[PDB]
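Only one chain comes next, encoded as structure tokens, the form deposited in one PDB entry.
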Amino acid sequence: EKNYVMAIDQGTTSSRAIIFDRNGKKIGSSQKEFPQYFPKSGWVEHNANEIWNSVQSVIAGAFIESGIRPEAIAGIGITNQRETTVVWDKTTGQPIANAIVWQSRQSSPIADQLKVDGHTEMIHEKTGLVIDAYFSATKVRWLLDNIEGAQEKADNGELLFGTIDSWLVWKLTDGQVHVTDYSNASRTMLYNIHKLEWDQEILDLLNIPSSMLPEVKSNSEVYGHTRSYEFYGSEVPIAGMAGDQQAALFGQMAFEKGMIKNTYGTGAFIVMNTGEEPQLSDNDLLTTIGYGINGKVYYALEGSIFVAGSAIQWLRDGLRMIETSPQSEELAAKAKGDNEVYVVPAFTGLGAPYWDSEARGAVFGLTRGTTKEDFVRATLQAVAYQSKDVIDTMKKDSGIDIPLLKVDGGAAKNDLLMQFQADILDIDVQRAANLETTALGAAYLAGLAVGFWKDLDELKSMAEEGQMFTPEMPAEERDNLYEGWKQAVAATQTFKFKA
């Protein structure tokens, strides 16, 4: 009697497994952090076996809490941190090395050469992205360049490539299924989002054996069934997959062109549904696939802000300025300063709409009275500021009007930050009823496919949403604050690094 659905959200620093019920209500949830590795400044890696172990854990943890049994799960929904790359042995199923995370700059040299060789326009035409170490493409090249016997085993058909979603479904199906969905495939920089196929030109260019590639299917259909690993009592269907950000657009019910949301997590990502047309004009932004359902493919415009929650974790672990991350709001709220201190946390370069890899974290406006509180507040408001940069670029590019912004993610818990966001943007901000919209969208994709829910209607029905933030900040203030940011970013960009 399958009356539930489970979503697995494999994020950047922790996992999660939430069991939803027919009404979209949590019945059990479990979360767990897993090891982050930093071999060199700018590098970020994860051990895939450990990601797997953290997923098995939260999976168990969710059953243990809910009191439900695997036999009651109607389908599994899988969403994940995108770009992140894993290359493993087909037969042994052992990763050839650590996985390279979307945050890593270790493959940047590889990507710079592509830019020099003039492949920019060509990659953007085929993939809708920009040439940067952010995407999977260069990461797989890095792995085949720095791991002994890797390239050989690849040409030979012994190694398998796969982003996190592909890796998890592979482990869940004990190697029987090597698949990935449009949304995730589009973020590898090897997928042709227009002809919906792996681009042979790009593979050839990066010398990546197409034998490493998984099959690319839609975001909602049965890819296969669980073999075991804790799903005792049944072979549950794996029926939903998507990059966390796209699954979050879905869980926000941003089904129609123009509906836009923003997720506040490790990084912040603005995603706008642009309907069946792969958006004409996207300078400074990313054109990607939102999701493919009901035989159609819906595209999206994306604004990437790499460092958001990580800036706060830096304050806790790096500068030891704050006891715990949650202590931010409290400290920020106490701020006394004139609010003219700016923090541009471009640790690894400025993302959308700057896309400037030669920039680094900077701070401006510091005086004698500047306090810890002021400094913390500044670090928090940064994402509010860059979000406006991204939203403004979206209007200029698409000419669409943005009257509301649905938001979600851990950081969205901050009422002060969300208010600030509304004030700065001068538009309405509507926080999702439940901030784990990501795992929800994954559950929706899975549910729809197995019959748990009928269609994008018996879904809009449970539109239980609330917590709106309206602009209340005067214009004179709203404009100084943003003008100062624009100037702070400009100065941040004059200080160049590189090579």
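Note that residue numbering follows the sequence shown and begins at 1. Superpose the two forms; the largest set of C-alphas matching within 1.5 Å is the rigid core.
Beyond the structure shown, there is the form deposited in another entry, which is absent from this document and is the topic of what follows.
- Only one candidate in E330, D204, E215, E197 has its Cα displaced by 2 Å or more between this form and the one not shown after core superposition: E330.
- Comparing the forms between this form and the one not shown on their rigid core, the Cα displacement of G162 stays under 2 Å.
- After superposition on the rigid core, the Cα of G267 moves by less than 2 Å between this form and the one not shown.
- After superposition on the rigid core, the Cα of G128 moves by less than 2 Å between this form and the one not shown.
- The pair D457 and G292 is tighter in the other form: their Cα-Cα distance falls by no less than 3 Å compared with this form.
- Whereas the displayed form keeps them at a certain spacing, the CA atoms of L206 and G292 lie at least 3 angstroms farther apart in the other form.
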